[PDB]
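The structure file query_26.pdb is reproduced below (PDB, C-alpha atoms (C1' of nucleotides)).
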ATOM      1  CA  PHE A  50      68.506 125.054-113.112
ATOM      2  CA  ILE A  51      67.280 127.971-115.218
ATOM      3  CA  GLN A  52      63.970 126.508-116.364
ATOM      4  CA  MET A  53      62.774 124.683-113.233
ATOM      5  CA  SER A  54      65.040 125.367-110.268
ATOM      6  CA  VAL A  55      64.971 129.175-110.427
ATOM      7  CA  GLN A  56      61.181 129.311-110.701
ATOM      8  CA  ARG A  57      60.813 126.723-107.936
ATOM      9  CA  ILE A  58      63.078 128.738-105.627
ATOM     10  CA  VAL A  59      61.236 131.976-106.381
ATOM     11  CA  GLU A  60      57.753 130.516-105.883
ATOM     12  CA  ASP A  61      58.908 128.579-102.808
ATOM     13  CA  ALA A  62      60.053 131.621-100.822
ATOM     14  CA  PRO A  63      57.373 132.747 -98.339
ATOM     15  CA  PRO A  64      55.599 136.003 -99.206
ATOM     16  CA  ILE A  65      56.639 139.222 -97.494
ATOM     17  CA  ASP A  66      54.290 139.765 -94.544
ATOM     18  CA  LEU A  67      54.812 143.136 -92.877
ATOM     19  CA  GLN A  68      52.794 145.565 -90.776
ATOM     20  CA  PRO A  81      48.035 149.363 -88.737
ATOM     21  CA  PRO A  82      48.314 148.579 -92.453
ATOM     22  CA  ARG A  83      49.730 145.315 -93.756
ATOM     23  CA  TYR A  84      51.670 144.782 -96.984
ATOM     24  CA  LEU A  85      51.941 141.448 -98.796
ATOM     25  CA  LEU A  86      54.424 140.819-101.608
ATOM     26  CA  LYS A  87      54.224 137.803-103.909
ATOM     27  CA  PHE A  88      56.509 136.738-106.760
ATOM     28  CA  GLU A  89      54.628 135.214-109.674
ATOM     29  CA  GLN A  90      56.980 134.074-112.434
ATOM     30  CA  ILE A  91      60.571 134.723-113.490
ATOM     31  CA  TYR A  92      61.594 135.740-117.009
ATOM     32  CA  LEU A  93      64.947 135.088-118.676
ATOM     33  CA  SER A  94      66.402 136.914-121.662
ATOM     34  CA  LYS A  95      69.450 136.454-123.840
ATOM     35  CA  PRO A  96      72.706 137.747-122.308
ATOM     36  CA  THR A  97      72.690 141.505-122.836
ATOM     37  CA  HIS A  98      75.159 144.182-121.762
ATOM     38  CA  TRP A  99      74.162 147.573-120.355
ATOM     39  CA  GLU A 100      76.751 150.242-121.144
ATOM     40  CA  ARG A 101      77.300 153.483-119.217
ATOM     41  CA  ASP A 102      74.491 155.220-121.117
ATOM     42  CA  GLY A 103      72.231 152.267-120.266
ATOM     43  CA  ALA A 104      71.629 151.118-123.845
ATOM     44  CA  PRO A 105      70.986 147.350-123.959
ATOM     45  CA  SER A 106      72.851 145.261-126.521
ATOM     46  CA  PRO A 107      73.552 141.533-126.924
ATOM     47  CA  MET A 108      76.864 140.474-125.403
ATOM     48  CA  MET A 109      78.670 137.840-127.281
ATOM     49  CA  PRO A 110      80.934 135.415-125.391
ATOM     50  CA  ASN A 111      84.016 136.516-127.335
ATOM     51  CA  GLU A 112      83.383 140.145-126.419
ATOM     52  CA  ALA A 113      82.869 139.004-122.826
ATOM     53  CA  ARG A 114      86.306 137.367-122.870
ATOM     54  CA  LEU A 115      88.020 140.326-124.514
ATOM     55  CA  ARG A 116      86.520 143.176-122.468
ATOM     56  CA  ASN A 117      86.694 141.188-119.197
ATOM     57  CA  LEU A 118      82.909 141.281-118.973
ATOM     58  CA  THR A 119      80.642 138.762-117.252
ATOM     59  CA  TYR A 120      78.513 136.660-119.597
ATOM     60  CA  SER A 121      75.205 136.902-117.750
ATOM     61  CA  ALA A 122      71.533 137.434-118.472
ATOM     62  CA  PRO A 123      69.139 139.735-116.591
ATOM     63  CA  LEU A 124      66.487 138.097-114.423
ATOM     64  CA  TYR A 125      62.983 139.578-114.273
ATOM     65  CA  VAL A 126      60.243 138.387-111.913
ATOM     66  CA  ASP A 127      56.628 139.536-111.806
ATOM     67  CA  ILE A 128      55.756 140.892-108.356
ATOM     68  CA  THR A 129      52.281 141.705-107.044
ATOM     69  CA  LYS A 130      52.094 144.242-104.212
ATOM     70  CA  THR A 131      48.935 144.174-102.091
ATOM     71  CA  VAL A 132      48.171 146.820 -99.458
ATOM     72  CA  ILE A 133      45.623 146.472 -96.650
ATOM     73  CA  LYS A 134      44.340 149.791 -95.296
ATOM     74  CA  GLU A 135      41.673 148.270 -92.970
ATOM     75  CA  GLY A 136      38.930 149.855 -95.105
ATOM     76  CA  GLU A 137      37.798 146.445 -96.403
ATOM     77  CA  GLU A 138      39.425 147.472 -99.706
ATOM     78  CA  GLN A 139      42.814 145.906-100.431
ATOM     79  CA  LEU A 140      44.536 147.501-103.421
ATOM     80  CA  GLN A 141      46.773 145.051-105.295
ATOM     81  CA  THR A 142      49.486 146.451-107.571
ATOM     82  CA  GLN A 143      51.309 144.066-109.901
ATOM     83  CA  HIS A 144      54.795 144.870-111.220
ATOM     84  CA  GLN A 145      55.954 143.468-114.554
ATOM     85  CA  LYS A 146      59.535 142.568-115.480
ATOM     86  CA  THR A 147      60.995 143.562-112.121
ATOM     87  CA  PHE A 148      64.774 143.239-112.431
ATOM     88  CA  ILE A 149      66.415 141.496-109.482
ATOM     89  CA  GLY A 150      69.846 140.677-110.901
ATOM     90  CA  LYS A 151      71.899 139.034-113.609
ATOM     91  CA  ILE A 152      72.503 135.274-113.700
ATOM     92  CA  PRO A 153      75.714 134.091-115.411
ATOM     93  CA  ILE A 154      74.948 131.965-118.461
ATOM     94  CA  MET A 155      76.784 128.736-119.197
ATOM     95  CA  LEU A 156      78.053 128.921-122.764
ATOM     96  CA  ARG A 157      76.171 126.964-125.453
ATOM     97  CA  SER A 158      73.317 126.182-123.054
ATOM     98  CA  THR A 159      69.710 126.755-124.095
ATOM     99  CA  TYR A 160      69.712 130.404-122.987
ATOM    100  CA  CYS A 161      73.166 131.147-124.401
ATOM    101  CA  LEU A 162      73.418 133.281-127.522
ATOM    102  CA  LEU A 163      75.412 130.504-129.232
ATOM    103  CA  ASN A 164      72.624 127.933-128.893
ATOM    104  CA  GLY A 165      71.484 126.310-132.113
ATOM    105  CA  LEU A 166      74.005 128.113-134.328
ATOM    106  CA  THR A 167      75.686 126.185-137.130
ATOM    107  CA  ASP A 168      79.442 126.015-137.736
ATOM    108  CA  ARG A 169      79.308 128.912-140.191
ATOM    109  CA  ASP A 170      77.315 131.000-137.714
ATOM    110  CA  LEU A 171      79.806 130.307-134.922
ATOM    111  CA  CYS A 172      82.748 131.172-137.181
ATOM    112  CA  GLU A 173      81.066 134.429-138.226
ATOM    113  CA  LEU A 174      81.078 135.433-134.545
ATOM    114  CA  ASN A 175      84.701 134.299-134.037
ATOM    115  CA  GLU A 176      83.679 131.316-131.907
ATOM    116  CA  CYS A 177      85.184 127.877-132.365
ATOM    117  CA  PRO A 178      82.643 125.325-133.648
ATOM    118  CA  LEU A 179      84.569 122.614-131.794
ATOM    119  CA  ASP A 180      84.290 124.544-128.518
ATOM    120  CA  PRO A 181      82.217 122.170-126.346
ATOM    121  CA  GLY A 182      80.852 124.968-124.192
ATOM    122  CA  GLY A 183      79.525 124.143-120.760
ATOM    123  CA  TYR A 184      81.556 126.803-118.937
ATOM    124  CA  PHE A 185      80.880 130.285-117.581
ATOM    125  CA  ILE A 186      82.595 133.560-118.469
ATOM    126  CA  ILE A 187      83.175 135.834-115.472
ATOM    127  CA  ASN A 188      85.227 139.019-115.873
ATOM    128  CA  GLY A 189      86.580 137.539-119.098
ATOM    129  CA  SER A 190      87.778 134.345-117.425
ATOM    130  CA  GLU A 191      86.424 130.948-118.464
ATOM    131  CA  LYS A 192      85.129 129.205-115.334
ATOM    132  CA  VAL A 193      83.992 125.574-115.207
ATOM    133  CA  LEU A 194      82.017 124.124-112.310
ATOM    134  CA  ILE A 195      83.487 120.850-111.043
ATOM    135  CA  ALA A 196      80.902 118.243-110.079
TER
ATOM    136  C1'  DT B   1      80.654 111.703 -95.356
ATOM    137  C1'  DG B   2      84.340 108.835 -93.418
ATOM    138  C1'  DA B   3      88.995 110.536 -91.008
ATOM    139  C1'  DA B   4      94.027 109.863 -84.892
ATOM    140  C1'  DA B   5      96.972 109.536 -81.299
ATOM    141  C1'  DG B   6      99.277 111.110 -77.386
ATOM    142  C1'  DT B   7      99.031 114.429 -73.451
ATOM    143  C1'  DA B   8      97.704 118.238 -70.299
ATOM    144  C1'  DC B   9      94.161 119.446 -67.229
ATOM    145  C1'  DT B  10      89.849 118.636 -63.589
ATOM    146  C1'  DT B  11      87.030 116.006 -59.971
ATOM    147  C1'  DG B  12      85.267 113.231 -57.246
ATOM    148  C1'  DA B  13      85.164 109.530 -55.147
ATOM    149  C1'  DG B  14      85.902 106.611 -50.973
ATOM    150  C1'  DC B  15      86.544 104.126 -45.417
ATOM    151  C1'  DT B  16      84.745 100.106 -38.877
ATOM    152  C1'  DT B  17      85.149 101.051 -33.932
ATOM    153  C1'  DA B  18      84.443 102.960 -29.151
ATOM    154  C1'  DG B  19      86.749 101.421 -23.535
ATOM    155  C1'  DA B  20      90.534  99.215 -18.633
ATOM    156  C1'  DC B  21      98.563  97.476 -19.650
ATOM    157  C1'  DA B  22     104.826 101.490 -19.957
TER
ATOM    158  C1'   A C   1     103.148 146.061-104.763
ATOM    159  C1'   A C   2     103.650 144.338-100.690
ATOM    160  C1'   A C   3     100.327 139.739 -97.717
ATOM    161  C1'   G C   4      97.040 136.320 -97.847
ATOM    162  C1'   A C   5      93.378 132.902 -99.891
ATOM    163  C1'   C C   6      92.271 129.352-103.520
ATOM    164  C1'   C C   7      93.242 126.414-107.729
ATOM    165  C1'   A C   8      96.038 123.653-111.310
ATOM    166  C1'   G C   9     100.706 121.383-112.219
ATOM    167  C1'   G C  10     106.284 119.235-112.028
ATOM    168  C1'   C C  11     109.716 115.859-109.370
TER
ATOM    169  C1'  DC D   1      94.635 112.761 -50.985
ATOM    170  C1'  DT D   2      94.507 109.829 -54.787
ATOM    171  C1'  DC D   3      93.636 107.962 -59.802
ATOM    172  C1'  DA D   4      91.143 106.436 -63.078
ATOM    173  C1'  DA D   5      87.805 108.450 -65.495
ATOM    174  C1'  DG D   6      86.778 111.641 -68.046
ATOM    175  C1'  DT D   7      87.425 116.163 -70.906
ATOM    176  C1'  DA D   8      89.863 119.673 -73.959
ATOM    177  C1'  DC D   9      94.195 120.483 -76.551
ATOM    178  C1'  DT D  10      97.611 119.853 -80.013
ATOM    179  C1'  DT D  11      99.781 118.176 -83.613
ATOM    180  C1'  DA D  12     101.712 117.947 -88.871
ATOM    181  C1'  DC D  13     103.285 117.465 -94.007
ATOM    182  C1'  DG D  14     110.065 118.064 -99.040
ATOM    183  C1'  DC D  15     111.060 121.617-102.794
ATOM    184  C1'  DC D  16     109.566 123.980-107.396
ATOM    185  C1'  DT D  17     106.204 126.400-111.411
ATOM    186  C1'  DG D  18     102.034 129.189-112.999
ATOM    187  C1'  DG D  19      97.346 131.377-112.642
ATOM    188  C1'  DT D  20      93.143 134.144-110.456
ATOM    189  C1'  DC D  21      91.051 137.212-106.850
ATOM    190  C1'  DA D  22      89.363 140.514-103.532
ATOM    191  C1'  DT D  23      91.249 143.973-100.662
ATOM    192  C1'  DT D  24      94.576 147.149 -99.435
TER
END
Can you turn what I pasted into structure tokens?
Amino acid sequence: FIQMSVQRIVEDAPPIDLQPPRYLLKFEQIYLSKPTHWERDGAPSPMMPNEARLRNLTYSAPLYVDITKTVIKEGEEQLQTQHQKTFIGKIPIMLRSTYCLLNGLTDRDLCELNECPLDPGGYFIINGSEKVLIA
DNA sequence: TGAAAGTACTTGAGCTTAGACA
RNA sequence: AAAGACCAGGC
DNA sequence: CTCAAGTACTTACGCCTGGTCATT
């Protein structure tokens, strides 16, 4: 879903055609980061799943998509402005998936962060609650 | 994605037939 | 803390 | 003035435990 489906959905959506000048908006490619928490002061910091459970936070990762804005002023010159890392929202991250912070960590690493090595993962943390999607 | 049975409403058909006996 | 929704479960 | 031929319309389902959740 993260690697293919999100990019397919973003690139599939028709571009914004509006209008007399005309403006066209196109989304190029989405970018995912590790789950990070933005505090009141706005300082980013990695959010670990245990801290998400304890503080009733939502274990999610910000989603950034490159957007190119093109303006048509009827002067035969269309000025195209591209926007990098445009933040459109935060996608909840299934624990121990590829984009989870616990991915690829050994038993000692998981214990150092107070996470059970035997924890199979595969669930989401929303407001501190462990949610599992039923097929 | 399957999937239920009885009942309260409407509506709209549908039809050989005329004289002069009490 | 009232009234709802959903979920899981017991017999 | 029917009546069979249709269409809407209505039903329900034992008790108990707990958890979460968004809104008020």
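Atom pair CA of residue 64 in chain A / CA of residue 148 in chain A has a distance of 17.6 Å (rounded to one decimal).
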Practice prompt. Could you give me, as a count of residues only, the residues that have an atom at most 12 Å away from the point (93.9, 133.6, -102.0) in the coordinates of the file, using all atoms listed in the file?
Written response: 10
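The shell of residues at most 6 Å from residue 184 in chain A, with all atoms listed in the file counted and near chain neighbours (fewer than 6 positions) removed, consists of residues 155, 156, 192 and 193 of chain A.
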| message | Quick one: residues within 12 Å of residue 9 in chain C, all atoms listed in the file, excluding same-chain residues fewer than 5 positions away - as a PyMOL selection string? | response | chain D and resi 16-19
Near chain D, 12 Å: chain A residue rows, closest pairs, all atoms listed in the file, as CSV:
residue,atom,partner,partner_atom,distance
A:187,CA,D:20,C1',11.3
A:188,CA,D:20,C1',10.8
A:189,CA,D:20,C1',11.4
A:190,CA,D:20,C1',8.8
A:191,CA,D:20,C1',10.9
A:192,CA,D:20,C1',10.6
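Selection result for the displayed file, with the PyMOL selection byres ((chain A and resi 164) around 12) as criterion, is residues 95, 96, 109, 110, 154, 155, 156, 157, 158, 159, 160, 161, 162, 163, 165, 166, 167, 168, 170, 171, 176, 178, 181, 182 and 183 of chain A.
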Will you model N, CA and C atoms for range 107-137 of chain A and pass it back as a CSV table (one decimal), in the coordinates of the input?
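Written output follows (rebuild_26.csv):
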chain,number,residue,atom,x,y,z
A,107,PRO,N,73.1,142.9,-127.2
A,107,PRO,CA,73.6,141.5,-126.9
A,107,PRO,C,75.1,141.5,-126.7
A,108,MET,N,75.5,140.6,-125.8
A,108,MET,CA,76.9,140.5,-125.4
A,108,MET,C,77.4,139.1,-125.9
A,109,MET,N,78.3,139.2,-126.9
A,109,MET,CA,78.7,137.8,-127.3
A,109,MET,C,79.8,137.3,-126.4
A,110,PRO,N,79.9,136.0,-126.3
A,110,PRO,CA,80.9,135.4,-125.4
A,110,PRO,C,82.3,135.9,-125.7
A,111,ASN,N,82.7,136.0,-127.0
A,111,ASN,CA,84.0,136.5,-127.3
A,111,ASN,C,84.3,137.9,-126.8
A,112,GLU,N,83.3,138.8,-127.0
A,112,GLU,CA,83.4,140.1,-126.4
A,112,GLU,C,83.4,140.1,-124.9
A,113,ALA,N,82.8,139.2,-124.3
A,113,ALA,CA,82.9,139.0,-122.8
A,113,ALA,C,84.3,138.6,-122.4
A,114,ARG,N,84.9,137.7,-123.2
A,114,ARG,CA,86.3,137.4,-122.9
A,114,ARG,C,87.2,138.6,-123.1
A,115,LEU,N,87.1,139.3,-124.2
A,115,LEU,CA,88.0,140.3,-124.5
A,115,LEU,C,87.9,141.5,-123.6
A,116,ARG,N,86.7,142.0,-123.3
A,116,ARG,CA,86.5,143.2,-122.5
A,116,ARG,C,86.5,142.9,-121.0
A,117,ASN,N,86.8,141.6,-120.6
A,117,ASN,CA,86.7,141.2,-119.2
A,117,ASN,C,85.3,141.4,-118.6
A,118,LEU,N,84.3,141.2,-119.4
A,118,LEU,CA,82.9,141.3,-119.0
A,118,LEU,C,82.4,140.0,-118.4
A,119,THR,N,81.3,140.0,-117.8
A,119,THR,CA,80.6,138.8,-117.3
A,119,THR,C,79.5,138.4,-118.1
A,120,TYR,N,79.5,137.2,-118.7
A,120,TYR,CA,78.5,136.7,-119.6
A,120,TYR,C,77.3,136.2,-118.8
A,121,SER,N,76.4,137.2,-118.6
A,121,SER,CA,75.2,136.9,-117.8
A,121,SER,C,74.0,137.5,-118.4
A,122,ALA,N,72.8,137.0,-117.9
A,122,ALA,CA,71.5,137.4,-118.5
A,122,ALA,C,70.7,138.0,-117.4
A,123,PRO,N,70.0,139.1,-117.6
A,123,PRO,CA,69.1,139.7,-116.6
A,123,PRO,C,68.0,138.8,-116.2
A,124,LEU,N,67.6,138.9,-115.0
A,124,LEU,CA,66.5,138.1,-114.4
A,124,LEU,C,65.3,139.0,-114.0
A,125,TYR,N,64.2,138.8,-114.6
A,125,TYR,CA,63.0,139.6,-114.3
A,125,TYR,C,61.9,138.7,-113.7
A,126,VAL,N,61.3,139.1,-112.6
A,126,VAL,CA,60.2,138.4,-111.9
A,126,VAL,C,59.0,139.3,-111.7
A,127,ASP,N,57.9,138.8,-112.1
A,127,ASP,CA,56.6,139.5,-111.8
A,127,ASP,C,56.3,139.5,-110.3
A,128,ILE,N,56.0,140.7,-109.8
A,128,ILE,CA,55.8,140.9,-108.4
A,128,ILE,C,54.4,141.6,-108.2
A,129,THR,N,53.6,141.1,-107.4
A,129,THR,CA,52.3,141.7,-107.0
A,129,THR,C,52.3,142.3,-105.6
A,130,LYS,N,52.1,143.6,-105.5
A,130,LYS,CA,52.1,144.2,-104.2
A,130,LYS,C,50.7,144.5,-103.8
A,131,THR,N,50.3,144.0,-102.6
A,131,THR,CA,48.9,144.2,-102.1
A,131,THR,C,49.0,144.9,-100.8
A,132,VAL,N,48.2,146.0,-100.6
A,132,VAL,CA,48.2,146.8,-99.5
A,132,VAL,C,46.8,146.6,-98.8
A,133,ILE,N,46.8,146.6,-97.4
A,133,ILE,CA,45.6,146.5,-96.6
A,133,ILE,C,45.5,147.7,-95.8
A,134,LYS,N,44.5,148.5,-96.0
A,134,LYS,CA,44.3,149.8,-95.3
A,134,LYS,C,43.2,149.7,-94.3
A,135,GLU,N,42.7,148.5,-93.9
A,135,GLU,CA,41.7,148.3,-93.0
A,135,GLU,C,40.3,148.9,-93.4
A,136,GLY,N,40.2,149.3,-94.6
A,136,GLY,CA,38.9,149.9,-95.1
A,136,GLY,C,38.2,148.9,-95.9
A,137,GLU,N,38.4,147.6,-95.7
A,137,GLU,CA,37.8,146.4,-96.4
A,137,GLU,C,38.2,146.4,-97.9
